[PDB]
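Enquirer: got a structure for you, letters missing:
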Ligand SMILES: Nc1ncnc2c1ncn2[C@@H]1O[C@H](COP(=O)(O)OP(=O)(O)OP(=O)(O)O)[C@@H](O)[C@H]1O
Ligand SMILES: Nc1ncnc2c1ncn2[C@@H]1O[C@H](COP(=O)(O)OP(=O)(O)O)[C@@H](O)[C@H]1O
Ligand SMILES: [Mg+2]
Ligand SMILES: [Mg+2]
């Protein structure tokens, strides 16, 4: 029973160096993937200063995406997104609107089914294995365009810094299925612009909203990956703290057992010798 | 998983209130169920040696062996806690001598020494009061010879001597699952098998709380049922695969659709080996 | 190397070896501090990976071959 | 017989009956503990002799919370419902608020998730544990402790942030009219007239956190 | 017709009724942009802000005075207080000028907006500097792109985009200044 | 036959026998005197026999406390009403020499054995710290010229303890329900005196200090407290299945706690999160206010009936009360009071103000 | 630990030593394969705390 | 160590000075007194030490004090046996210490 404690110290110390490695790994991945996150942050801005921000609009059909992580030591990031999924998905509910929920990342596949199982249709996963590219987000936008709602919702975590990732809902409306219908006030605000397309405005907005979905989906799953790495860096920071305080308790209790072992073996030896002399 | 032949001594070692007696009472009650069905030559006569127990604990067993009917074949050698320390030291030898009658005259015996760890405390008391010099924890030097003199009397005799048999079940109580004790490591070294009962498996629902990874039988496939030799070879082959995958999948990292198969199949087998209290199958 | 010391120390070292062992033991101290993270190879750090690679070089230096003293 | 050594020692600390004079003897055994190990031999001997314990922690003492009284472990069951009645009227709320402070520090040892009602019990607990810590070789009378924890378990100190509470309670003891200390000492507890004058007097107090 | 006037502010107000109250409002893409379209200003004479973006880069964000954009009708130019425009770009050279110096990015196509406040947001996928293209592989690929001509209008439309992008790349690489 | 004690963890997980030896195992400050006083208050009034309190090696202050509270509640009557008393006290408290504390348990046994053998009726024997008997014989045995046994004890620990313990039984002519507090010396349940006295009891209620430090009182370790009554042929399959399911959930949480302390509850399965939430609720629900603890806790105590215990714990097992928080279960009687406290905690989530003016404490009231 | 895996004979490959394991006794083609097998079984044990 | 103490006590009590005493490895003083207690056939106390450990240490350390004449200030190197501060030799020494100066690598 004195060797159960020594091997438990062995287990806690190897766990405490594993988590300290994974903290530095997450910190290394957070800096060389922030060099790709705030590069892609720019292209979201022309579409929001062109189309605006219309989250609570009365869509007939809506596809909501919660883009989450694939690996699992992120520390309550994906669960916070799973709760903001229903927190922003009940604020849409005004007339009995249809909703399709979709998860990007393996840890959203397991977590939305507990709350919304009949409204689940697609799981995109293995997305951060090599990297995130725009052709990939384009294909995910294509399969979100196969069924064609009137609105899109993307739920992710905006990578502010290595401390805060306050989560974000970004909204993308189908071209004149609801978007220009949300633009017409005493005329319209979209009619200021000269459409310089080949075909009509109804097709330049058709192309323009697929490009907006691809840009928003790319930036969402890039910001979510960088916030995942920083959340894992903050999660394995508390794991080495816990595996150090548990190690210190176990080291103190081992010192007690070591002292008691020497005392009890000594008392046995003295009692053996005193029964002869 | 840990089958037992006739003439084999098998240690039922476990922590404080596991199912140690309940394994041994079920081995005795089951011999009553088999003695009605076998011919007269291959009937097993059981002896339960109760060392250092309560006197009302053993009165609950005479009441259980009567209302099952196992008392027709059972001798109970009862050296309770109020008996003198030489009566509890000597009661495993008295019960072995009452059970060696059936071994020496061609019949089959089953001796159960409940708490040999309480016989050695009765032996330590006399040895320390006869001023014999103490050794490990306080025990006399000859406390290995105390138990190996006794457990080696459990034998399967040759056919010249009658073909008789005596099967021992020493019971050893550990303190915190610490099998590295003095009396525990002696009887582990003497007996052939080992039925290690765990208190953490007891409360997970797994009753009999048999640690299938630590429980051995040195006779093994030599003296088990041939109808279950070809089935329980697969059973321990799968439960060995169940154990390491559940150490990983309780963290909750990832699962692999065949790693998912072995921790879903091994849960079918773990629930299969559960059992009620006094119903030997 | 972390637990082996000499209380006499480098006052009784071969000079010339003292020129190079003084930075050898510092490089091996840095490697021992960043050791057991070499299983993270796909998870590269580009500043500790250099001292990890050089520590793996130098631990392969000090190996010998049994009654061939140098 | 090292249990008997201390048991036959501490059993002479008694409260005698009126036929024996009514005298008393209060014992404070002191036991040094190694690294916080309360499960030692002599420690668990004297714990099962004495009527309570006062646990003083190194993690509270290093932080400057002095006296470093482990409130979750310290206990005194024979002296309870035998203490100062005004302090008994005030201090149950203090024990409960330090209990909830211990609960929400047992939940959040790192600060990032703030409920803003958990922030309230954090701020009240940090105010109270600044209230109870005091300096050496200067004991306080019980009415000046009753008023000082009355001014803290209620409002009257939430203006003061977390640092200036040591000066805030000194300003409270100084600027409160010292008749209410005589009424609290003489009456034994805060009467509703005294509660009225005490709620009144704790409003004309110039707190240093402003 | 616009009976659901949403926004960050309306979603903040309605979201405090159906979600649990301890949850802070989810952020919106509006909260990280200080520049809008209807917010007048940002002009200051001759130079205008050119937000030349890319999915994997930000190629320019400082103010320039004239931008040549390769729209689908043809190359057009943007001076300071230009008319509002949503121009789809064919594969061509976006010329950024600050004076006599011109940086020539050959892009892959993708839209380019001019807003009422004079901000211009060129938004293309692959926006290479014309330095880093070789003049050999373009006709080398167009010889094959003029060969595989199937009836599959998916593949034929890809061939049309291929020959048109490659032809524009050729006509932009022989015509250097 | 079962002995109902009105304690949730005792009646559910290790139920007591009406003629059984009961042990309360504890480590200096975990609550076995408070448990033995609550068992006195609950059991020794419904049980219509005589009581013997053998105080062995405990505080003299506690003997005076029990004597004065028994004179108050009329269990002990003074003067000419003395024959209507129900309890007799035998005291060998911790100021006594080692020879007195080594024989005073035999005096209390003799008083109990007269009522069992001659009056022929049921006795309640409460022995506070039967460990002090063993410790007193261990003080004595050094000077008798004996070679010491393990840790420091007499060579005759098992036989002295067994000779004392085998007298405390129910025979065919009378009953002795025995409750013994057992001290464990340095929170060491493997010490030879507790490990020897474990085999003499029918129900061993082991109190843990880690349970007590979480505020859970009575600090009964539910995975270390056993009975011979937890058997479906004795208590019925409903009670037995609820108790084994409660123990299965608690053991599963105990296996998860090593992961939860390091990786947090964010790494768990949803099945694991469900069993951690349910096990925290059934850990808090095993705690109970005592009527003898209300003079220093202030919370009035609750006697929880056994049927209410079984029904409430079954409901928390099946998932009928996952709507309720964790702290609604803490220090309540039965499942009606969980829902009452859960309405009240929720109710007090708003009501925190409007003590601003309109007082009875302005200057002329 | 080797026996609970089912590897029988449960010989600990790292802990089992011999004085016949010199290359000038059993040759180099035996010595280097034995030392290579031991090195692979050792860094597997160093990885095994992170596989689990 | 008592011989060094006597040399220091002459400077304190006759010369009237503020003396410095350096007990190099007070743990070796403890270990030496433990050996002479083991050799005189005394039963060892806790972990392995002399039964008189606190008084054999306090007999040395209580002569290091300030008198009315002068003082002795003692700078004692402390070795901690198994990196265990609850070992009885450093736990008995640390009761007497008034300051620690930890020298770090
Ligand atoms: N297979 C089983 N299924 C259900 N319950 C069991 C089983 N085996 C034992 N138990 C229960 O566990 C309790 C302990 O059993 P048992 O008497 O065998 O303990 P033990 O190991 O002999 O310990 P001790 O010798 O201290 O009594 C018993 O009350 C019994 O009801
Ligand atoms: N049921 C309970 N409720 C509240 N406090 C308790 C309870 N049981 C024990 N305690 C606390 O534990 C302390 C020690 O209990 P006690 O029974 O006196 O210790 P011991 O187990 O050593 O006899 C008591 O003073 C009391 O404060
Ligand atoms: Mg038993
Ligand atoms: Mg007590």
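Expert: Noted; the coordinates are in hand. Numbers count the residues shown, from 1 in each chain, chains lettered A, B, ... in the order given. Ligands and ions are numbered 1, 2, ... in the order given.
Enquirer: Show me what residue of chain E gets nearest to ligand 1.
Expert: Taking C-beta to the nearest ligand atom as the measure, chain E has residue E:20 as its residue closest to ligand 1, at 44.5 Å. C-beta: built from backbone N, CA, C; applies to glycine.
Enquirer: and what of chain D?
Expert: residue D:39 (24.7 Å).
Enquirer: And the helices in chain D?
Expert: Ranges of helices within chain D are D:2-10, D:41-47, D:58-62, D:85-107, D:118-132, D:142-153, D:165-175, D:179-187, D:192-201, based on DSSP state H.
Enquirer: among those, which is nearest chain E?
Expert: helix D:118-132 (9.8 Å; C-beta to the nearest C-beta).
Enquirer: which of the residues in that closest one are buried?
Expert: D:118, D:121, D:122, D:124, D:125, D:127, D:128, D:129, D:130, D:131, D:132 (16 or more other C-beta atoms under 10 Å in any protein chain shown).
Enquirer: As a check, name the ranges of all strands in the stretch 51-200 of chain B.
Expert: B:74-79, B:108-114, B:165-173, B:193-197 (DSSP state E, counting those that start in this stretch).
Enquirer: what's the distance between residue D:23 and chain F?
Expert: 15 Å (C-beta to the nearest C-beta, to the nearest Å).
Enquirer: mind checking which helix or strand residue A:235 is in?
Expert: helix A:201-274 (DSSP states H and E).
Enquirer: Which strands or helices does that helix pack on?
Expert: helix A:2-31, helix A:44-51, strand A:61-67, helix A:77-89, helix A:134-145, strand A:151-159, strand A:165-173, helix F:237-263 (3 or more C-beta pairs under 8 Å, 6 or more residues apart in numbering or on different chains; DSSP states H and E).
Enquirer: Now do the same contact list for the single nearest residue of the stretch 51-200 of chain B relative to chain H.
Expert: Closest residue of the stretch 51-200 of chain B to chain H, C-beta to the nearest C-beta: residue B:134 (15.1 Å). Contact analysis of residue B:134 by C-beta atoms under 8 Å, 6 or more residues apart in numbering or on different chains lists A:268, A:271, A:272, A:275, B:124, B:127, B:128, B:140, F:147, F:149.
Enquirer: now the residues you listed: which count as buried?
Expert: A:268, A:271, A:272, B:124, B:127, B:128, B:140, F:147, F:149.
Enquirer: mind listing the helices for chain B?
Expert: Under DSSP H, chain B gives helices at B:20-35, B:55-68, B:85-104, B:116-129, B:143-151, B:182-190, B:199-203, B:226-229, B:232-248, B:259-272.
Enquirer: Would you point to the one among these that's packed deepest?
Expert: helix B:116-129 (a mean of 25; mean count of other C-beta atoms under 10 Å in any protein chain shown).
Enquirer: And the residue of the stretch 101-250 of chain B that's closest to ligand 2?
Expert: residue B:176 (21.7 Å).
Enquirer: Which residues of chain A lie near chain F?
Expert: A:15, A:19, A:72-76, A:79, A:110-111, A:114, A:235, A:238-239, A:242-243, A:246, A:264, A:267, A:271, A:274-275 (C-beta under 8 Å from any C-beta of the partner chain).
Enquirer: Only the buried subset of these, as a PyMOL command please.
Expert: Buried residues among these (16+ other C-beta under 10 Å), as a PyMOL selection:
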select buried, chain A and resi 15+19+72+73+74+75+76+79+110+111+235+238+239+242+243+246+267+271
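Enquirer: Pull the contacting residues for the residue in chain D that chain H sits nearest to.
Expert: The nearest approach of chain D to chain H comes at residue D:34, 4.0 Å away (C-beta to the nearest C-beta). Counting by C-beta under 8 Å, 6+ apart, residue D:34 touches D:40, H:86, H:91.
Enquirer: between the residues you listed, which is nearest residue B:8?
Expert: Taking C-beta to C-beta as the measure, residue B:8 lies nearest residue D:40 of those, at 46.5 Å.
Enquirer: Show me where chain F has its strands.
Expert: Ranges of strands in chain F, per DSSP state E, are F:2-3, F:16-17, F:21-26, F:50-56, F:87-92, F:122-128, F:175-183, F:203-206, F:226-227.
Enquirer: got a list of what the closest residue to the residue of chain E closest to ligand 1 other than its chain neighbours touches?
Expert: Setting aside the residues directly before and after it, residue E:20 is nearest to residue A:87 in space (C-beta to C-beta, 6 or more residues apart in numbering or on different chains), at 7.3 Å. Contacts here follow C-beta under 8 Å, 6+ apart; on that basis residue A:87 touches E:15, E:18, E:19, E:20, E:23, E:26.
Enquirer: Count the residues that sit near the residue nearest to the last one when sequence neighbours are not counted.
Expert: Counting by C-beta to C-beta, 6+ apart, residue A:169 is the residue found nearest to residue E:26 once chain neighbours are left out, at 4.6 Å. Residues lying near residue A:169 (other C-beta atoms under 10 Å in any protein chain shown) number 28.
Enquirer: does residue A:169 really touch residue A:158, like I thought?
Expert: No. If you go by C-beta atoms under 8 Å, residue A:169 and residue A:158 don't touch, sitting 10.2 Å apart.
Enquirer: Spatially, what comes nearest to residue B:132 if we skip its sequence neighbours?
Expert: residue B:140 is the one closest to residue B:132 (C-beta to C-beta, 6+ apart), at 5.5 Å.
Enquirer: Let me know how buried residue E:66 is, in neighbour terms.
Expert: Residue E:66: 18 neighbours (other C-beta under 10 Å).
Enquirer: list the contacts for residue A:182?
Expert: A:52, A:54, A:57, A:173, E:2, E:4, E:6.
Enquirer: Could you dump the strands of the stretch 51-200 of chain B into CSV and include mean neighbour count and distance to chain G?
Expert: Shown next, in CSV, are these (neighbours: other C-beta atoms under 10 Å in any protein chain shown; distance: least, C-beta to the nearest C-beta, whole Å):
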stretch, mean neighbour count, distance to chain G
strand B:74-79, 21, 36
strand B:108-114, 28, 27
strand B:165-173, 26, 21
strand B:193-197, 24, 12
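Enquirer: Using JSON lines, please lay out these together with distance to residue E:98.
Expert: Listed next are those as JSON lines, based on distance: least, C-beta to C-beta, whole Å:
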{"stretch": "strand B:74-79", "distance to residue E:98": "106"}
{"stretch": "strand B:108-114", "distance to residue E:98": "98"}
{"stretch": "strand B:165-173", "distance to residue E:98": "90"}
{"stretch": "strand B:193-197", "distance to residue E:98": "83"}
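Enquirer: Residue A:231 touches residue A:75, doesn't it?
Expert: Yes. Residue A:231 is within contact range of residue A:75, at 5.3 Å (criterion: C-beta under 8 Å).
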